[PDB]
file run_18.txt (compact mmCIF, C-alpha atoms)
# COMPACT_ATOMS: atom_id res chain seq x y z
CA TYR A 7 12.73 -12.54 -5.81
CA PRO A 8 14.87 -13.80 -8.73
CA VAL A 9 14.08 -12.51 -12.19
CA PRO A 10 12.30 -13.46 -14.29
CA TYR A 11 9.84 -13.68 -11.35
CA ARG A 12 6.55 -15.44 -12.07
CA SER A 13 3.79 -15.83 -9.53
CA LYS A 14 0.56 -17.70 -9.38
CA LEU A 15 -2.58 -16.21 -8.00
CA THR A 16 -4.62 -18.31 -5.66
CA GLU A 17 -7.98 -16.82 -6.74
CA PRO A 18 -9.11 -14.22 -9.33
CA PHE A 19 -7.58 -10.79 -9.40
CA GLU A 20 -10.70 -8.87 -8.33
CA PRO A 21 -11.87 -5.25 -8.05
CA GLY A 22 -10.50 -3.69 -4.88
CA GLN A 23 -7.25 -5.67 -4.89
CA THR A 24 -3.80 -4.14 -5.26
CA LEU A 25 -0.58 -5.60 -6.64
CA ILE A 26 2.58 -3.94 -5.26
CA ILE A 27 6.02 -4.27 -6.86
CA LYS A 28 8.98 -2.47 -5.34
CA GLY A 29 12.48 -2.85 -6.69
CA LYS A 30 15.92 -1.46 -7.39
CA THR A 31 17.23 -0.27 -10.77
CA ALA A 32 20.82 0.07 -11.98
CA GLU A 33 22.66 2.84 -13.75
CA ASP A 34 22.75 0.84 -17.00
CA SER A 35 19.11 -0.29 -16.71
CA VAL A 36 17.19 -0.04 -20.00
CA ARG A 37 13.69 -1.51 -19.46
CA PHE A 38 11.73 -3.68 -17.03
CA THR A 39 8.25 -5.15 -17.51
CA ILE A 40 5.32 -6.10 -15.27
CA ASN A 41 2.68 -8.36 -16.85
CA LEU A 42 -0.70 -9.55 -15.56
CA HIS A 43 -1.60 -12.55 -17.72
CA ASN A 44 -2.95 -16.11 -17.89
CA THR A 45 -1.62 -19.36 -19.41
CA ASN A 52 -0.83 -16.24 -23.82
CA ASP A 53 -3.16 -13.34 -23.01
CA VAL A 54 -1.80 -10.33 -21.11
CA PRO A 55 -4.68 -8.13 -19.85
CA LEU A 56 -2.19 -5.52 -18.63
CA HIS A 57 1.40 -5.10 -19.76
CA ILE A 58 3.58 -2.40 -18.16
CA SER A 59 6.95 -1.47 -19.68
CA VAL A 60 9.05 1.03 -17.72
CA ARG A 61 11.55 2.43 -20.23
CA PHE A 62 14.62 4.40 -19.25
CA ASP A 63 15.72 4.56 -22.90
CA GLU A 64 12.53 6.36 -23.97
CA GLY A 65 11.74 7.95 -20.62
CA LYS A 66 8.17 6.62 -20.76
CA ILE A 67 5.99 3.98 -19.14
CA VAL A 68 4.10 2.01 -21.78
CA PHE A 69 0.74 0.35 -21.02
CA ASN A 70 -0.77 -2.23 -23.34
CA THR A 71 -2.81 -5.41 -23.71
CA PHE A 72 -1.64 -8.58 -25.45
CA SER A 73 -4.65 -10.47 -26.72
CA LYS A 74 -5.39 -12.86 -29.61
CA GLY A 75 -1.66 -13.14 -30.28
CA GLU A 76 -1.07 -9.40 -30.68
CA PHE A 77 -0.59 -6.17 -28.77
CA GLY A 78 -3.09 -3.36 -29.24
CA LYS A 79 -2.60 0.38 -29.21
CA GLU A 80 -0.11 1.67 -26.66
CA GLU A 81 -0.84 4.25 -24.01
CA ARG A 82 2.00 6.19 -22.50
CA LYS A 83 2.91 8.24 -19.47
CA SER A 84 6.13 9.97 -18.47
CA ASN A 85 8.63 7.81 -16.63
CA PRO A 86 9.55 9.80 -13.50
CA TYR A 87 12.39 7.36 -12.76
CA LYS A 88 15.98 8.09 -13.71
CA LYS A 89 18.26 5.06 -14.17
CA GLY A 90 19.33 3.82 -10.77
CA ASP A 91 17.18 4.55 -7.70
CA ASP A 92 14.18 2.70 -6.31
CA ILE A 93 10.84 2.05 -8.05
CA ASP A 94 7.44 1.64 -6.39
CA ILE A 95 4.65 0.51 -8.71
CA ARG A 96 1.20 -0.36 -7.44
CA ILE A 97 -1.66 -1.65 -9.58
CA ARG A 98 -5.19 -1.59 -8.19
CA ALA A 99 -7.86 -3.43 -10.16
CA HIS A 100 -11.32 -1.87 -10.38
CA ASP A 101 -14.40 -2.98 -12.24
CA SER A 102 -13.71 -0.69 -15.23
CA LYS A 103 -9.95 -0.08 -15.10
CA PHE A 104 -6.66 -0.62 -13.38
CA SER A 105 -5.35 2.31 -11.34
CA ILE A 106 -1.55 2.50 -11.45
CA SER A 107 0.42 4.60 -8.99
CA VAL A 108 4.13 5.43 -9.16
CA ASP A 109 5.75 6.12 -5.77
CA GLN A 110 2.22 6.03 -4.29
CA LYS A 111 0.93 8.78 -6.60
CA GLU A 112 -1.68 7.74 -9.15
CA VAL A 113 -0.37 8.43 -12.68
CA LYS A 114 -2.59 6.28 -14.91
CA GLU A 115 -6.05 4.83 -15.30
CA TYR A 116 -6.07 2.03 -17.87
CA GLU A 117 -9.47 0.78 -18.98
CA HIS A 118 -9.96 -2.95 -19.28
CA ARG A 119 -9.57 -4.27 -22.79
CA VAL A 120 -10.10 -8.01 -22.06
CA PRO A 121 -11.68 -9.65 -18.95
CA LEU A 122 -9.94 -8.92 -15.65
CA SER A 123 -10.84 -12.50 -14.62
CA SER A 124 -8.28 -13.76 -17.17
CA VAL A 125 -5.53 -12.50 -14.84
CA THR A 126 -4.23 -15.71 -13.25
CA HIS A 127 -0.52 -14.79 -13.00
CA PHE A 128 1.91 -11.95 -12.87
CA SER A 129 5.48 -11.72 -14.08
CA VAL A 130 8.20 -9.19 -13.41
CA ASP A 131 11.20 -9.18 -15.75
CA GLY A 132 14.03 -7.03 -17.08
CA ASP A 133 16.59 -4.64 -15.57
CA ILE A 134 15.27 -4.58 -12.02
CA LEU A 135 16.36 -6.03 -8.70
CA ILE A 136 13.02 -6.83 -7.04
CA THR A 137 12.87 -6.24 -3.27
CA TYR A 138 9.13 -6.52 -2.42
CA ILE A 139 5.96 -7.94 -3.93
CA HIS A 140 2.50 -8.40 -2.41
CA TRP A 141 -1.06 -8.66 -3.69
CA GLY A 142 -4.33 -8.51 -1.77
CA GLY A 143 -6.53 -5.84 -0.30
CA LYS A 144 -10.19 -5.16 -0.98
CA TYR A 145 -12.60 -2.25 -0.85
CA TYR A 146 -12.34 -1.32 2.83
CA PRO A 147 -15.33 0.82 3.88
CA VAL A 148 -14.45 3.87 5.97
CA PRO A 149 -15.34 4.38 8.81
CA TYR A 150 -14.02 0.88 9.38
CA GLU A 151 -14.41 -1.42 12.35
CA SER A 152 -13.42 -5.06 12.61
CA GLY A 153 -12.32 -7.70 15.02
CA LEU A 154 -8.75 -8.94 14.86
CA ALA A 155 -8.25 -12.72 14.45
CA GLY A 156 -7.76 -14.43 17.80
CA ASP A 157 -4.37 -13.61 19.23
CA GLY A 158 -5.25 -10.20 17.79
CA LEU A 159 -2.32 -7.77 17.69
CA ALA A 160 0.01 -9.10 20.36
CA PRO A 161 3.74 -8.54 21.05
CA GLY A 162 5.75 -10.01 18.23
CA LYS A 163 2.99 -9.18 15.71
CA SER A 164 2.49 -6.17 13.48
CA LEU A 165 -0.52 -4.64 11.83
CA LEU A 166 0.21 -3.40 8.33
CA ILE A 167 -2.20 -0.76 7.00
CA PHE A 168 -2.15 0.58 3.44
CA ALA A 169 -4.04 3.84 3.13
CA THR A 170 -4.33 7.07 1.17
CA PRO A 171 -5.08 10.32 3.03
CA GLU A 172 -7.82 12.10 1.12
CA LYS A 173 -6.57 14.92 -1.09
CA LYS A 174 -8.97 17.43 0.50
CA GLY A 175 -9.05 15.89 3.97
CA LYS A 176 -7.86 17.37 7.23
CA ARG A 177 -7.53 14.39 9.60
CA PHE A 178 -8.08 10.65 10.04
CA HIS A 179 -7.47 8.17 12.83
CA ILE A 180 -6.60 4.54 13.51
CA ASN A 181 -7.67 2.92 16.80
CA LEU A 182 -6.18 -0.28 18.21
CA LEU A 183 -8.76 -1.54 20.74
CA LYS A 184 -9.23 -4.00 23.61
CA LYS A 185 -12.45 -5.88 24.51
CA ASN A 186 -13.73 -3.30 27.01
CA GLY A 187 -13.43 -0.55 24.37
CA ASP A 188 -10.25 0.93 25.80
CA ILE A 189 -7.98 2.17 23.01
CA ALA A 190 -4.42 0.92 23.41
CA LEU A 191 -3.19 3.34 20.72
CA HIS A 192 -5.09 6.13 19.01
CA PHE A 193 -3.12 7.22 15.91
CA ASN A 194 -4.44 10.51 14.55
CA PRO A 195 -2.55 12.30 11.77
CA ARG A 196 -3.86 15.89 11.57
CA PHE A 197 -2.78 17.93 8.58
CA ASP A 198 -4.11 21.21 9.99
CA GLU A 199 -1.70 20.92 12.96
CA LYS A 200 1.20 19.40 10.99
CA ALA A 201 1.48 16.54 13.47
CA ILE A 202 0.38 12.99 14.24
CA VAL A 203 -1.23 12.67 17.66
CA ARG A 204 -0.76 9.40 19.53
CA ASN A 205 -2.80 8.67 22.68
CA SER A 206 -4.69 6.04 24.67
CA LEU A 207 -8.30 6.03 25.86
CA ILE A 208 -8.49 4.31 29.27
CA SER A 209 -11.81 3.99 31.12
CA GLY A 210 -13.38 6.60 28.83
CA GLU A 211 -10.59 9.19 29.32
CA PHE A 212 -7.77 10.27 27.02
CA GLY A 213 -4.23 10.49 28.42
CA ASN A 214 -1.65 13.18 27.69
CA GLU A 215 -0.82 13.50 23.94
CA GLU A 216 2.45 12.56 22.23
CA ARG A 217 2.65 14.54 18.97
CA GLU A 218 6.41 14.95 18.52
CA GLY A 219 7.78 14.44 15.03
CA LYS A 220 7.39 15.63 11.46
CA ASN A 221 4.18 14.49 9.79
CA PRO A 222 5.70 12.45 6.94
CA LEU A 223 2.33 11.85 5.23
CA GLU A 224 1.08 13.92 2.31
CA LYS A 225 -2.49 14.50 1.15
CA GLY A 226 -3.46 12.43 -1.90
CA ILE A 227 -0.37 10.23 -1.56
CA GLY A 228 -0.62 6.62 -0.48
CA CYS A 229 1.39 5.55 2.53
CA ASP A 230 2.53 2.39 4.26
CA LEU A 231 1.59 2.31 7.96
CA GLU A 232 2.98 -0.39 10.28
CA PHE A 233 2.18 -0.83 13.98
CA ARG A 234 4.77 -3.26 15.35
CA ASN A 235 3.68 -4.49 18.76
CA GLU A 236 6.76 -5.15 20.86
CA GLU A 237 7.37 -6.03 24.49
CA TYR A 238 7.61 -2.46 25.85
CA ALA A 239 6.26 -0.14 23.13
CA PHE A 240 4.61 0.05 19.76
CA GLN A 241 7.06 0.78 16.97
CA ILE A 242 5.22 2.89 14.39
CA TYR A 243 6.68 2.82 10.87
CA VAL A 244 5.58 5.25 8.16
CA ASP A 245 6.65 4.55 4.56
CA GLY A 246 9.36 2.22 5.78
CA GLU A 247 11.07 4.35 8.42
CA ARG A 248 10.37 4.45 12.17
CA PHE A 249 8.26 7.52 12.87
CA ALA A 250 7.75 7.09 16.61
CA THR A 251 7.62 4.73 19.55
CA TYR A 252 4.65 4.66 21.92
CA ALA A 253 5.24 3.09 25.32
CA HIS A 254 2.48 0.70 26.39
CA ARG A 255 -0.12 2.34 28.61
CA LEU A 256 -2.08 -0.93 28.84
CA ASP A 257 -1.41 -4.65 28.85
CA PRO A 258 -0.39 -5.08 25.17
CA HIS A 259 -2.01 -8.50 24.91
CA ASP A 260 -5.65 -8.97 23.92
CA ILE A 261 -5.65 -6.04 21.48
CA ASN A 262 -8.45 -7.42 19.29
CA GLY A 263 -10.25 -4.42 17.78
CA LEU A 264 -9.53 -2.09 14.90
CA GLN A 265 -11.21 1.17 13.97
CA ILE A 266 -10.33 3.55 11.14
CA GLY A 267 -12.10 6.86 10.63
CA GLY A 268 -11.79 10.28 9.07
CA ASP A 269 -10.67 11.49 5.68
CA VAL A 270 -8.88 8.32 4.60
CA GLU A 271 -9.12 5.68 1.89
CA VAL A 272 -7.90 2.25 3.04
CA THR A 273 -6.73 -0.25 0.46
CA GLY A 274 -4.86 -2.82 2.54
CA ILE A 275 -4.84 -4.45 5.95
CA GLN A 276 -2.55 -7.35 6.77
CA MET A 277 -1.80 -8.91 10.13
CA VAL A 278 1.75 -10.13 10.50
call {"tool": "encode", "arguments": {"input": "run_18.txt", "output": "structure tokens"}}
result
Amino acid sequence: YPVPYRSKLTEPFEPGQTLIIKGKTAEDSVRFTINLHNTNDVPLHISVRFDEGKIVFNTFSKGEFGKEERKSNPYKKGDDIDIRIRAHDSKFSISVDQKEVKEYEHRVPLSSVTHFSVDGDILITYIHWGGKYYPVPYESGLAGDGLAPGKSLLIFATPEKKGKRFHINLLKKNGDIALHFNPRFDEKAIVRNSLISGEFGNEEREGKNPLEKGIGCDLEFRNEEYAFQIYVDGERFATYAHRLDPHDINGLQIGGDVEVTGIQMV
């Protein structure tokens, strides 16, 4: 990720899809920009300003910017930034550190977004775009090799602000559940378990629930040779020793009070 970083979308930026930019700032950093544009028009321009202590949202169109809209920059110079832009049919939804801080209504057609560019006083460390509107409860097959050792499932989700629990199931053909992952806010813990031949095993719930209602999170289930390695927001939250053959895990369920915005198999 050198800057200026420019990237080329393969298909339209569509409702349901999220663009994620993470990065590092310096102690002399002044401003960095994120633009969604074509090739000219900039349907969304984001200027994070440490000089003014604001984030500035705008649209460049017909050779000129329009009226600015502003929000408070929660970032002090130095320290990491996490900016996520989800396109909808009427607006972009922008979240800072996985908390929504701005709705920005379309001013020109979202379908003009063919590129994005990051620039300025930022050391970029992570970019990704994709996602869709994932209906919940969710249920899908997993590719072919499914989720096998050496592969990881990456789930982007947002626990509902007034929810009490939600669950992710990693399944095998017979309907066995190799890992049931069940954050429960009313017990301040995340239950992990397996469902073998219709019966649930013990219940590993050790650890501090790092999730927070209304705050997006990054969930990663790294299938390894002897255990799952479960990462939450970039740090290992638990390991779960395999109670079944960890090959042939080809099903995925998601239920409960959760909004899911991203699934990627890695």
call {"tool": "residues_near_point", "arguments": {"input": "run_18.txt", "point": "(-4.4, 3.4, 20.6)", "cutoff": "12 Å", "atoms": "only C-alpha atoms", "output": "JSON, numbers by chain"}}
result
{"A": [159, 179, 180, 181, 182, 183, 184, 187, 188, 189, 190, 191, 192, 193, 194, 203, 204, 205, 206, 207, 208, 212, 213, 215, 216, 233, 235, 239, 240, 242, 252, 253, 254, 255, 256, 257, 258, 261, 262, 263, 264, 265, 266]}
call {"tool": "closest_residue", "arguments": {"input": "run_18.txt", "among": "A:155, A:165, A:202, A:58", "to": "residue A:220", "atoms": "only C-alpha atoms"}}
result
A:202
call {"tool": "residues_around", "arguments": {"input": "run_18.txt", "residues": "residue A:20", "least_positions_apart": "2", "cutoff": "12 Å", "atoms": "all atoms listed in the file", "output": "list in words"}}
result
residues 15, 16, 17, 18, 22, 23, 24, 25, 97, 98, 99, 100, 101, 102, 103, 104, 121, 122, 123, 124, 125, 126, 141, 142, 143, 144 and 145 of chain A
call {"tool": "closest_residue", "arguments": {"input": "run_18.txt", "among": "A:245, A:224, A:131, A:53", "to": "residue A:13", "atoms": "all atoms listed in the file"}}
result
A:131
call {"tool": "closest_residue", "arguments": {"input": "run_18.txt", "among": "A:138, A:57, A:110, A:31", "to": "residue A:88", "atoms": "all atoms listed in the file"}}
result
A:31
call {"tool": "closest_residue", "arguments": {"input": "run_18.txt", "among": "A:234, A:114, A:89, A:43", "to": "residue A:67", "atoms": "all atoms listed in the file"}}
result
A:114
call {"tool": "residues_around", "arguments": {"input": "run_18.txt", "residues": "residue A:136", "least_positions_apart": "5", "cutoff": "8 Å", "atoms": "all atoms listed in the file", "output": "PyMOL selection string"}}
result
chain A and resi 7-9+27-30
call {"tool": "closest_residue", "arguments": {"input": "run_18.txt", "among": "A:174, A:163, A:259, A:185", "to": "residue A:225", "atoms": "all atoms listed in the file"}}
result
A:174
call {"tool": "atom_distance", "arguments": {"input": "run_18.txt", "atom1": "atom CA of residue A:54", "atom2": "atom CA of residue A:73"}}
result
6.3 Å
call {"tool": "residues_around", "arguments": {"input": "run_18.txt", "residues": "residue A:268", "least_positions_apart": "5", "cutoff": "10 Å", "atoms": "only C-alpha atoms", "output": "number ranges by chain"}}
result
A: 148-150, 171-172, 175-180, 194-195
call {"tool": "atom_distance", "arguments": {"input": "run_18.txt", "atom1": "atom CA of residue A:270", "atom2": "atom CA of residue A:251"}}
result
22.6 Å
call {"tool": "closest_residue", "arguments": {"input": "run_18.txt", "among": "A:214, A:84, A:41, A:241", "to": "residue A:162", "atoms": "all atoms listed in the file"}}
result
A:241
call {"tool": "atom_distance", "arguments": {"input": "run_18.txt", "atom1": "atom CA of residue A:116", "atom2": "atom CA of residue A:33"}}
result
29.0 Å
call {"tool": "residues_around", "arguments": {"input": "run_18.txt", "residues": "residue A:81", "least_positions_apart": "3", "cutoff": "7 Å", "atoms": "all atoms listed in the file", "output": "ChimeraX atom specification"}}
result
/A:68-70
call {"tool": "residues_around", "arguments": {"input": "run_18.txt", "residues": "residue A:64", "least_positions_apart": "5", "cutoff": "12 Å", "atoms": "all atoms listed in the file", "output": "PDB file with C-alpha atoms, in the coordinates of the input"}}
result
ATOM      1  CA  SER A  35      19.110  -0.290 -16.710  1.00  0.00           C
ATOM      2  CA  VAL A  36      17.190  -0.040 -20.000  1.00  0.00           C
ATOM      3  CA  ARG A  37      13.690  -1.510 -19.460  1.00  0.00           C
ATOM      4  CA  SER A  59       6.950  -1.470 -19.680  1.00  0.00           C
ATOM      5  CA  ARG A  82       2.000   6.190 -22.500  1.00  0.00           C
ATOM      6  CA  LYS A  83       2.910   8.240 -19.470  1.00  0.00           C
ATOM      7  CA  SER A  84       6.130   9.970 -18.470  1.00  0.00           C
ATOM      8  CA  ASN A  85       8.630   7.810 -16.630  1.00  0.00           C
ATOM      9  CA  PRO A  86       9.550   9.800 -13.500  1.00  0.00           C
ATOM     10  CA  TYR A  87      12.390   7.360 -12.760  1.00  0.00           C
ATOM     11  CA  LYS A  88      15.980   8.090 -13.710  1.00  0.00           C
ATOM     12  CA  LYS A  89      18.260   5.060 -14.170  1.00  0.00           C
TER      13      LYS A  89
END
call {"tool": "build_atoms", "arguments": {"input": "run_18.txt", "residues": "stretch 117-136 of chain A", "atoms": "N, CA, C and O atoms", "output": "short mmCIF file (atom, residue, chain, number, x, y, z; two decimals), in the frame of the given file"}}
result
data_model
loop_
_atom_site.label_atom_id
_atom_site.label_comp_id
_atom_site.auth_asym_id
_atom_site.auth_seq_id
_atom_site.Cartn_x
_atom_site.Cartn_y
_atom_site.Cartn_z
N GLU A 117 -8.17 1.43 -18.90
CA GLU A 117 -9.47 0.78 -18.98
C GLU A 117 -9.31 -0.64 -19.49
O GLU A 117 -8.48 -0.91 -20.35
N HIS A 118 -10.08 -1.56 -18.90
CA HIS A 118 -9.96 -2.95 -19.28
C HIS A 118 -10.19 -3.09 -20.77
O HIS A 118 -11.10 -2.49 -21.33
N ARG A 119 -9.36 -3.90 -21.41
CA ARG A 119 -9.57 -4.27 -22.79
C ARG A 119 -10.04 -5.70 -22.97
O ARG A 119 -10.75 -5.97 -23.93
N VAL A 120 -9.65 -6.61 -22.07
CA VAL A 120 -10.10 -8.01 -22.06
C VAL A 120 -10.51 -8.32 -20.61
O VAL A 120 -10.29 -7.48 -19.72
N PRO A 121 -11.11 -9.47 -20.30
CA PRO A 121 -11.68 -9.65 -18.95
C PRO A 121 -10.62 -9.70 -17.86
O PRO A 121 -9.64 -10.44 -17.96
N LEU A 122 -10.84 -8.90 -16.80
CA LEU A 122 -9.94 -8.92 -15.65
C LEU A 122 -9.81 -10.31 -15.04
O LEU A 122 -8.76 -10.65 -14.49
N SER A 123 -10.85 -11.14 -15.17
CA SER A 123 -10.84 -12.50 -14.62
C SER A 123 -9.87 -13.42 -15.35
O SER A 123 -9.60 -14.51 -14.85
N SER A 124 -9.35 -13.01 -16.51
CA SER A 124 -8.28 -13.76 -17.17
C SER A 124 -6.94 -13.62 -16.45
O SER A 124 -6.01 -14.37 -16.76
N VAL A 125 -6.80 -12.66 -15.54
CA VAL A 125 -5.53 -12.50 -14.84
C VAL A 125 -5.35 -13.63 -13.85
O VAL A 125 -5.92 -13.60 -12.76
N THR A 126 -4.55 -14.65 -14.20
CA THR A 126 -4.23 -15.71 -13.25
C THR A 126 -2.80 -15.66 -12.72
O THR A 126 -2.49 -16.36 -11.76
N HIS A 127 -1.93 -14.85 -13.33
CA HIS A 127 -0.52 -14.79 -13.00
C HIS A 127 -0.03 -13.35 -13.04
O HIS A 127 -0.68 -12.46 -13.60
N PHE A 128 1.16 -13.14 -12.51
CA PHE A 128 1.91 -11.95 -12.87
C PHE A 128 3.39 -12.29 -12.93
O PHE A 128 3.87 -13.24 -12.30
N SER A 129 4.08 -11.51 -13.74
CA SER A 129 5.48 -11.72 -14.08
C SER A 129 6.18 -10.39 -14.05
O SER A 129 5.70 -9.41 -14.63
N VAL A 130 7.31 -10.35 -13.37
CA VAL A 130 8.20 -9.19 -13.41
C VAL A 130 9.51 -9.64 -14.06
O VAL A 130 9.97 -10.76 -13.83
N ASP A 131 10.07 -8.78 -14.91
CA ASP A 131 11.20 -9.18 -15.75
C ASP A 131 11.96 -7.93 -16.17
O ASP A 131 11.42 -6.82 -16.14
N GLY A 132 13.22 -8.12 -16.58
CA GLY A 132 14.03 -7.03 -17.08
C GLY A 132 15.10 -6.51 -16.14
O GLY A 132 15.57 -7.23 -15.26
N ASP A 133 15.47 -5.24 -16.30
CA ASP A 133 16.59 -4.64 -15.57
C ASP A 133 16.10 -4.06 -14.24
O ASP A 133 16.07 -2.85 -14.01
N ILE A 134 15.73 -4.97 -13.34
CA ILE A 134 15.27 -4.58 -12.02
C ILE A 134 15.71 -5.63 -11.01
O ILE A 134 15.64 -6.83 -11.27
N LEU A 135 16.17 -5.16 -9.85
CA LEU A 135 16.36 -6.03 -8.70
C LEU A 135 15.13 -5.88 -7.81
O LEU A 135 14.98 -4.87 -7.11
N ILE A 136 14.25 -6.88 -7.83
CA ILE A 136 13.02 -6.83 -7.04
C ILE A 136 13.36 -6.97 -5.56
O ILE A 136 14.18 -7.83 -5.18
#
